[PDB]
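Single-letter residue listing:
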Amino acid sequence: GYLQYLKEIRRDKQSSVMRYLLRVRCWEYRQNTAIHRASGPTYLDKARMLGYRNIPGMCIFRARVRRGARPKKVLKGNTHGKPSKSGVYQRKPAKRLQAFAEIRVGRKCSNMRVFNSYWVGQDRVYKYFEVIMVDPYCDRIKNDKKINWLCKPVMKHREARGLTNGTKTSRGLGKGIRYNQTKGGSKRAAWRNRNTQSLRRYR
Amino acid sequence: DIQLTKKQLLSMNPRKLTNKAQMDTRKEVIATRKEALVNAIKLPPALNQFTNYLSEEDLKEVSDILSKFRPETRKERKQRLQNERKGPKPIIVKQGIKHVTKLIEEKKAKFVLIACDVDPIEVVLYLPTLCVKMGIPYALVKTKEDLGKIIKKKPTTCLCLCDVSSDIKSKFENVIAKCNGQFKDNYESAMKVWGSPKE
Amino acid sequence: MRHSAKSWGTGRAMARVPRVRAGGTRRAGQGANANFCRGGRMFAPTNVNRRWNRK
Amino acid sequence: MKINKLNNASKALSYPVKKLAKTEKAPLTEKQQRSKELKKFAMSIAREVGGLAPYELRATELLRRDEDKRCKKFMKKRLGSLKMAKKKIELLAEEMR
RNA sequence: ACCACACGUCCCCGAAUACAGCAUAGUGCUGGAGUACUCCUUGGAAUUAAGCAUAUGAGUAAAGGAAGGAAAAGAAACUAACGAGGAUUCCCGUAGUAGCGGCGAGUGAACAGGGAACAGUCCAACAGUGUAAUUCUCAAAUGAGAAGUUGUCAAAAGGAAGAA
RNA sequence: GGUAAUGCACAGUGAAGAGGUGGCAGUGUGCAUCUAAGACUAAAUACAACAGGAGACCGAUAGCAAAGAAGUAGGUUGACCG
RNA sequence: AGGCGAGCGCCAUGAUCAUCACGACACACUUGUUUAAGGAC
């Protein structure tokens, strides 16, 4: 079917047709304001894996992020302490650049829930992403059977608590001996379980 | 208020329009400057295909055949279902990318029309190569609206036909021969020439 | 241990106990945190971790 | 200390069970075959529409000059894995033939 | 008389708004307060090494963002090499062990074995073509219009128990 | 803790449809076990304000700072202090 | 595929890929010369 052909072309990022399209689109994205609404998804296959349908009460927004590492916020390089903690540059953020895009779109579109996000381009200065949003106060959505779950009160601000596809990846969750640092639920949950003194009745 | 000239719009820097009042102008600056850029640079062979399309004369000829196989409206559909089944299986023209690609793959389709002005283009990009491999004839049309008018409904990406009534067969065969000339017969040569900047 | 207190140090002809920072009340300059002070903290405060039962 | 008393030879012994043979799953139904065919077909069309990438061109050029060991080193540095390099060389070779 | 349960009335300032951002066919929604406990970032020094610079205190304090009566996690791209087991969380335990460390001071997990409680499922890939069968609005007793082919649409009432 | 890289990032580079792992770097080859890059999930677990019940606890210089109109009388230019 | 000194290195010129200056255009980028000027610096 049709969605298979699109997958194979979207994967060939150094084909002549894809180099053409990436160049023209990345030009346009930078002429626009830093967060803006899109007419529809740039990639139909990718948006549909992640749960988009063309029904009322769903939207695509597009966001840009500046590239490279993030320096320490100190004046004149003065850190008032020990020399091993005096480095300013070559310090890399804990979260992906994608996570910043999701966090900023959620502030602007405060009446809606952030579902999922994907990559759409890069250049020397910026990296560009599309975010899928849903409106929980909409009659069409309240009566759906596939995304009606987003209306549960616990689903407010998923992006702020590291629950979305872009924000989750820095937590270090997984199964097996390679992820012992998160047994319990999180890094801090593991810390508590390891740094507690248990004092029974008969002892 | 005032319509700006082409010269003005090409002069303005979009990043310096910032107020809520100015947003419509920002949109127009971007639209015009994009056109100038696309005309300046070379197109790869596959994208260059969608620059070649039927004349308004041929479009008339084709539409004047196809219009006789119009799909049912909801009013018609209701009536049909109150009545009993009668007569032979109808011939109807078919619509939408998902169904069309299935019929090409099953080798059911017999002739296909495709629209050029589609964004993003990656939706239709592969159709000519698939048509050439299955050996099905096709033709390209300028706008999605040209197709909508044939079937008396909303614009679409492509239309398809899988059967021929004997009444129409003579005209049909002639049309296919015209199309093969402009499109399918020329394919292997086309896939090697890059689109020139435009004069 | 609630109050804001600090020692006055030597040179004032007073014992170097911590004292309460205040003004406008008779509480100014009184002796704060130690076990030998009125309203101060007890020696070795009693605590829930004691072993209550026996085997 | 109740550790390290047996020799390695006696630790290797085992109880004599009766085994069950594995149920082989070799039959592939008609519909599964068509499914696989269509996927492989789609992969052709992409290559036809968009062509080869820059390092694939450079690689194939070296293969014409019989620069086999240069091509090997080049591909290792591009893809990371010596296994991926060995596979991609074999696919490129077959394309040229 | 007076009391107890509910309702009616409820001045001015304050998010304080005749506003800002944003969605729908339309109605609208967010903002401030609280934050003991839970999740996500950012990130010290006193102190110990009888000095001190790696290390320690500590991913702790402080500062920011966010939610609920709990929160997070969760059904193996998992362990194991036995004659093997089988989601997540919690308790007893392996263990002050294997190891990390100016191999100094000091740091430091996992499977097993015994229990508490137990439950599994969805989307994409992949929707009737002898007709979008789908959602909404107004009318009407059968018509007009909006969304949608860049793909909509995959079914049950129902009950006596249990607790405060 | 993770030791010739346990996890997370940034820049270059960038796959295959078949891939991932088996606590010491590399190359080859059988064998065992799984299926990442989309989502949901009860019970068993943690702890303020407010309410109720108990105690080998304290008894007006004690016990919460506060057993009365107590965060009150009163004080700082102010943050805050009492 | 040519030529020199008791197949060697040395001297000729002919095909194959990058590549450093120099030109001449306009599309990224720059500037209130802005219905404009620069320019792959």
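As stated in the entry header, the method of structure determination is cryo-EM and the reported resolution is 10.8 Å.

A.B. asks: An account of the protein's contact with RNA strand E is needed here, citing residue identities and associated values.
C.D. replies: If you check the shell around RNA strand E, you find 84 residues, and the closest are A:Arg53, A:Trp191, B:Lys94, B:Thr157 and D:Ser14. Taking all atoms of RNA strand E within 4 Å of the protein, the share assigned to sugar and phosphate is 66%. B:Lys94 is positioned with one of its side-chain polar atoms (N or O) 2.6 Å from a sugar or linking oxygen of RNA strand E. Counting residues per element, the surface near RNA strand E draws most heavily on helix α6 (residues 187–194) of chain A, which supplies 6 residues. Of the residues belonging to the surface near RNA strand E, the class tally is 23 nonpolar, 23 polar and 38 charged.

A.B. asks: Explain the state of the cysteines to me, using residue names and the numbers behind them.
C.D. replies: By the definition in use, this model includes 0 disulfides over all chains. No disulfide involves B:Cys158; its sulfur sits 8.5 Å from that of B:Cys160, the nearest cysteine.

A.B. asks: Just give me the short version of unusual backbone geometry, but keep the residues and values in it.
C.D. replies: Cis geometry marks the peptide bond from B:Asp119 to B:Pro120, where omega comes out at 0°. Checked against the element boundaries, B:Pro120 lands in the loop between β2 (111–115) and α7 (127–134). Even without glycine at this site, C:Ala13 takes up a positive phi of about 60°. By secondary structure assignment, the location of C:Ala13 is in the loop between β1 (5–7) and β2 (18–20).

A.B. asks: Which residues make up the sheet that holds strand β3 (residues 138–141) of chain B, and what values go with them?
C.D. replies: Residue and element names in this part refer to chain B. As summarised here, the arrangement of the 4 strands in space is β1-β4-β2-β3, forming an open sheet in which the pairing is mixed. Every interior strand has two partners, whereas the edge strands, β1 (94–95) and β3, have only one. When β1 meets strand β4 (residues 158–161), the two strands line up antiparallel, connected through 2 bridges. When the sheet's bridge partners are listed, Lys94 is paired in β4 with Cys160. Contacting β2, β3 and β4, helix α9 (residues 169–182) crosses the sheet at an angle of about 50° to β2.

About the criteria used
Residues numbered from 1 in each chain as written, not as in the entry; some residues may be left out. Chains lettered and ligands numbered in written order. Part of a larger assembly, values for the part shown. Heavy atoms only, no water. Near = heavy atom within 4 Å. Polar contact = N/O pair within 3.5 Å; in protein donor to acceptor, adjacent residues only side chain to side chain. Helix = DSSP H or I, 4+ residues; strand = E, 2+ residues; numbered from the N terminus. Nonpolar A, V, L, I, M, F, W, Y, C, P; charged D, E, K, R; others polar. Disulfide = S-S within 2.5 Å. Pairing = 2+ DSSP bridges. Contact = heavy atoms within 4.5 Å. Axes fitted to C-alpha atoms, helices over the stretch in contact; angles between N-to-C directions.

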